[PDB]
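In what follows, every chain begins at residue 1, and chains take the letters A, B, ... in the order their sequences are listed. Values below: every heavy atom of this structure, side chains too, minus hydrogens, waters and symmetry copies. We count ligands from 1, going down the list as the structure has it; atoms in each ligand are counted the same way.
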2 protein chains.
Amino acid sequence: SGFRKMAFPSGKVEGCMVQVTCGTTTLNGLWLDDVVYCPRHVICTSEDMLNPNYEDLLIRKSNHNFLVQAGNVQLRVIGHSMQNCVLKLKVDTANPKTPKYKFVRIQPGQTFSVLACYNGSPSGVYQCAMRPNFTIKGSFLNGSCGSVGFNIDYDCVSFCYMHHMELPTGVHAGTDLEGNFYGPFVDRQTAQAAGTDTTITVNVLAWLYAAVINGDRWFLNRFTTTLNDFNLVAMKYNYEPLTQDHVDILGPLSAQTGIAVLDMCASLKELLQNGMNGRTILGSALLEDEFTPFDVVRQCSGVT
Amino acid sequence: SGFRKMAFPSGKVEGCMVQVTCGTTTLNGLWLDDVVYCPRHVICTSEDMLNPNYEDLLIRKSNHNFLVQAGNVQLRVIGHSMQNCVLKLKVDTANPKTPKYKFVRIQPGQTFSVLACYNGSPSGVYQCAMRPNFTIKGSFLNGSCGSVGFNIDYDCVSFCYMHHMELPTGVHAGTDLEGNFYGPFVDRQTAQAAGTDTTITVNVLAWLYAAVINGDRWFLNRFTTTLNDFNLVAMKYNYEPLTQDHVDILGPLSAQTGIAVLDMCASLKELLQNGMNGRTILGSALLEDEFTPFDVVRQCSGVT
Ligand SMILES: Cc1ccncc1NS(=O)(=O)c1cccc(Cl)c1
Ligand SMILES: Cc1ccncc1NS(=O)(=O)c1cccc(Cl)c1
């Protein structure tokens, strides 16, 4: 037992990290097969980032201007193209460490691991959630751009995120691996608003099931509620409205614990209305929303 | 910016995980050079674990009784020996994925990454702290024994922990890679008490420096304190007493922020005496003690 904010083993992704340099800007790239994916803002200078015309900036660049280095070996760039906000550098050598992979566009509320990298070198791995407002609360410094978010299903790596920028508010924004931003963000140094973020209700409930499984049951009460009643409370506390789809995915956890989903909703309702009264749940003094029902099942059963 | 409970990239350690089977018991092993390290309780049955005589149990075992599998290839065991609570299985092939490594015995309050494994297969990575009482609050299920804790310095993996057991209280206990238990624990299914755990004061203070660096400064106040005065408060709240050595290691963070260590102690003092009043620090509603001053500096500078 015990419950931790666990990230996926990062090994398959470490073997794909490279350094991409263009002019004076260096960031991270992802080498899969004979293609290196990186944020297109690698072609910008500090002055360009205020209002960049990427098509025009890319026209001044040739294959030889993109310096791609994997560890200590230089890769030969034979093609370059822009796809939305990513650059695809065609290299002459396939990465021998290319794992089985997919590019997937995740949904808000879903979680993933981030392998934070600097100069093509991995520094740490942590588990994140794509906030309902399409931002991530990561840990990213200068040089971290091009770091990727992913999930792993047995031997298949599903890349879902590529880090592009930090909003003036300190939250992070990025794209899927086809270069499409999650949210309304653009790759430009301008004031950009991330909407009102809400708490992922289905994840908090799954984490409440994880607490019961692991012994923390103080929050369990003699009450029940309805989806409509619970959602009145969820609205007041900026929680995502709970739907029958969320109840359905909570099915396995409800089955394993024997606590009906709506009864767990009444425990969450009382926690929202009365707080924790100084107590903790799974070592946390607040309601945790970065564990999906899938994460809880995987962790609670030991899925490798 | 942003601050996350980051684990080390696990790739170097994934390449060392193997499955070790002896009789009906299967657990994880660590293959470094031509040696496989695993918990010695792999030789026990369920009845043996109540009061095992490991010397006697090992005498009934031969090299051919230890089944070591790396992925899908079987390793040939040519030697076996017990060193404290670990078994060292000499195999005929050196692991080609052996990274540069050290075996180190960490101090309580220090942190490390755990690569939780089942059947020799990695499932997730998370950052832990060796509690002052020599336990870890991990996430370990049946089959997780043999999972290791480690730190990484550029290309050198310092293994510090090997998971052995879960105490009836739900906390975890294990050994260094020479088989010596951290704490007073023995590898036996008996009631064992982990002492009174305390909060790692130097880590909370380093995490308070990480909060200031990242924008969270509400807790900063117009007060200062002395080491002796602060320690009176630390005693009352089960915090480890702060020493000049802890103040010295906080030096770099004190220098970078311009907030004297004793002034940060007065912020911590007020937080202990008055709580958080419903507020958070780095997204947490409690005082975090699993980031050492080294972790904070590394994360806040991007050390790969
Ligand atoms: C100064 C610079 C030069 C070139 N390329 C990037 C940067 N800066 S940055 O990465 O912090 C950045 C700022 C604003 C928006 C975005 Cl998408 C990225
Ligand atoms: C049932 C069994 C059989 C063989 N080897 C281990 C186990 N059980 S166990 O790993 O949960 C365990 C229980 C108590 C102390 C320790 Cl150190 C480990």
Side-chain angles (χ1 to χ4, degrees), chain A residues 1-2 20-28 38-52 54 57 61 84-87 118 135 140-147 162-175 179 181-183 185-192 302, chain B residues 1-2 20-28 38-52 54 57 61 84-87 118 135 140-147 162-175 179 181-183 185-192 302:
Chain A
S1 68
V20 177
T21 301
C22 190
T24 66
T25 314
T26 291
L27 45 57
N28 305 286
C38 74
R40 79 178 172 163
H41 70 70
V42 69
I43 73 179
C44 300
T45 70
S46 208
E47 308 95 286
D48 291 318
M49 283 314 305
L50 292 161
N51 189 24
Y54 289 98
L57 294 169
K61 305 302 184 180
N84 302 317
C85 305
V86 303
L87 288 191
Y118 298 85
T135 62
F140 290 110
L141 282 165
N142 289 332
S144 70
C145 299
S147 296
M162 176 165 279
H163 184 55
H164 283 240
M165 63 178 189
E166 176 166 319
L167 300 184
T169 65
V171 292
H172 305 103
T175 74
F181 264 94
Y182 283 95
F185 315 110
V186 291
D187 47 356
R188 163 172 186 180
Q189 194 178 322
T190 189
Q192 296 181 61
Chain B
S1 68
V20 177
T21 301
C22 190
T24 66
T25 314
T26 291
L27 45 57
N28 305 286
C38 74
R40 79 178 172 163
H41 70 70
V42 69
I43 73 179
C44 300
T45 70
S46 208
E47 308 95 286
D48 291 318
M49 283 314 305
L50 292 161
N51 189 24
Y54 289 98
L57 294 169
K61 305 302 184 180
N84 302 317
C85 305
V86 303
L87 288 191
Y118 298 85
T135 62
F140 290 110
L141 282 165
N142 289 332
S144 70
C145 299
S147 296
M162 176 165 279
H163 184 55
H164 283 240
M165 63 178 189
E166 176 166 319
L167 300 184
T169 65
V171 292
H172 305 103
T175 74
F181 264 94
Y182 283 95
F185 315 110
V186 291
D187 47 356
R188 163 172 186 180
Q189 194 178 322
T190 189
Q192 296 181 61

- For A:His41, does its backbone N or O pair with a side-chain atom of A:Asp187 as donor and acceptor, under 3.5 Å?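 Absent.
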Is it the side chain (CB and beyond), the backbone, both or neither of [X] that lies under 4.0 Å from ligand 2, heavy atoms counted?
X: B:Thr45; result: backbone
X: B:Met49; result: side chain
X: B:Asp187; result: both

- Task: Could you tell me whether atom 9 (S) of ligand 2 has at least one protein heavy atom nearer than 4.0 Å?
- Result: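 Given the 4.0 Å cut-off, atom 9 (S) of ligand 2 does not count as touching protein heavy atoms.
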Roughly how far, to the nearest 0.5 Å, is the [atom2] atom of [Y] from the [atom1] atom of [X]?
X: A:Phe140; Y: A:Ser147; atom1: CZ; atom2: OG; answer: 5.5 Å
X: B:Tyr54; Y: B:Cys85; atom1: OH; atom2: SG; answer: 7.0 Å
X: B:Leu50; Y: B:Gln189; atom1: CG; atom2: CD; answer: 5.0 Å
X: B:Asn142; Y: B:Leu27; atom1: CG; atom2: CG; answer: 11.0 Å

- Under 30°, 30 to 60°, or over 60°: which ring-plane class applies to B:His163 and B:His172, parallel, tilted or perpendicular?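 Rings of B:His163 and B:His172: perpendicular, as their planes differ by over 60°.
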- Atoms in ligand 1 flagged as close to A:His164, the criterion being non-hydrogen separation under 4.0 Å: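 Close to A:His164: 17 (Cl), 18 (C).
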Who's the nearest protein heavy-atom neighbour of [atom], and how far?
atom: atom 11 (O) of ligand 1; answer: A:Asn142 OD1, 4.5 Å
atom: atom 1 (C) of ligand 1; answer: A:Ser46 OG, 3.5 Å
atom: atom 4 (C) of ligand 1; answer: A:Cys44 O, 3.2 Å

- Record the part of A:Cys145 in heavy-atom contact with ligand 1 below 4.0 Å; permitted values are side chain, backbone, both and neither.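 Just the side chain.
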- Take atom CG of A:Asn84 as the centre, draw a 6.0 Å sphere, and report whether it contains more than 12 heavy atoms from other residues, nucleotides or ligands.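 Above 12, so yes.
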- A:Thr25 to ligand 1: N or O pair under 3.5 Å?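 No - when backbone and side-chain N and O of A:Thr25 are compared with those of ligand 1, no distance drops under 3.5 Å.
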- Item | Backbone or side-chain N or O of B:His41 under 3.5 Å from ligand 2 N or O |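 Checking ligand 2 against B:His41, an N or O pair does fall under 3.5 Å apart.
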- Would you sort out whether B:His164 and B:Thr175 count as a side-chain hydrogen bond (donor to acceptor under 3.5 Å, both in side chains), showing the intermediate values? CA-CA 7 Å; B:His164 283 240; B:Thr175 74; 3.1 Å; yes
